[PDB]
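> here's a sequence, model it:
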Amino acid sequence: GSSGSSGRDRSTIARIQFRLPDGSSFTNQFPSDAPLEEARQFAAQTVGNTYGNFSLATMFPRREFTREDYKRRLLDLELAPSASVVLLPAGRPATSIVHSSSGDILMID
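Numbers count the residues shown, from 1 in each chain. What follows is the structure:
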């Protein structure tokens, strides 16, 4: 992944609805600027290694996004206001490694 993530907080906001094959669905809040990928990152964490290398697609135009689509901002993909990205399961899981951290400056409340 050449294009990395850019943690930024802007006034603008975008609505991205995530539909699942099971039935449930989650909708996060991302900046109209945030790259489509952003949504893919969250969804991947929300479901984790449940579906695997799943994918994302539209609902109306039913057009399978492209590597480029993830390179352009959301608002650019006409997903500024309301967007509906359906999660398409693949079947094969995606091996990964987790981590853990902890710290406290003699402070407890």
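
> what about residue 29, helix or strand, and which?
Assessed by DSSP states H and E, residue 29 sits inside strand 25-30.

> can you list contacts of that strand?
Applying C-beta atoms under 8 Å, 6 or more residues apart in numbering, the contact partners of strand 25-30 are 13-20, 38-39, 42-43, 46, 74. C-betas here are computed from N, CA, C, even on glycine.

> partner strands of that strand, parallel or antiparallel?
Partner strands for strand 25-30, per DSSP bridges, with pairing direction: strand 14-19 (antiparallel).

> name the surrounding residues that touch the strand it pairs with.
25-32, 34, 39, 42-43, 46, 59, 74-75, 79-87.

> at 10 Å what do you get?
Here strand 14-19 makes contact (C-beta atoms under 10 Å, 6 or more residues apart in numbering) with 24-34, 36, 38-40, 42-43, 46-47, 56-57, 59, 73-75, 79-88.

> so after the strand holding residue 29, what's the next helix or strand?
Moving toward the C-terminus from strand 25-30, the next helix or strand (DSSP H and E) is helix 36-47.
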